[PDB]
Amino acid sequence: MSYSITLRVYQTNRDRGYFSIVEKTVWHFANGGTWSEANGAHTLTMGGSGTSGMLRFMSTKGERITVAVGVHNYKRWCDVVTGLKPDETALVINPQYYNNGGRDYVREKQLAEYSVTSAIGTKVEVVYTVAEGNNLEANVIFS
């Protein structure tokens, strides 16, 4: 069966910079997948369990952050990476979750929520609001 993850973005802090998506990737396991946009939300559709995709964001102050979401052994997972250099594109980071690329262990945690504060003080949270089944939903919150 196919899986989808639908993300809505909440930006809450008017002092730390405004974020926009600068890249969207899909990993090639499980027959791949695609991003789409509807009603102000972003949906990743995947061919089955065992793959993922990523949104990279950049702020008006030049801060670069990636959000990864996917399904591992039929359960959702997520991660956020901050403090990225300009050349650390999503194309670089998304593969790091597979083939013992350094971040596999995070995917294997199957997290339904994750939060981190960047070194320059930006907090990012991913929280699944629908955390079971094939039509998953999560909020991405910048603060």
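The first residue of the sequence shown is number 1, and the count goes up from there.
- The stretch 124-132 shows the higher mean C-alpha B-factor when 124-132 is compared against 21-29 in the entry.
- Look at the C-alpha B-factors of 34-42 and of 48-56. On average they run higher in 34-42.
- In the PDB entry, a CA B factor belonging to the highest third of its chain's modelled residues is recorded for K61.
- In the PDB entry, a CA B factor belonging to the middle third of its chain's modelled residues is recorded for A90.
- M1 sits in the highest third of its chain by CA B factor, as recorded in the PDB entry.
- Looking at the C-alpha B-factors along this chain, the one for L111 belongs to the middle third.
- Among the modelled residues of the chain, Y74 sits in the middle third by CA temperature factor in this PDB entry.
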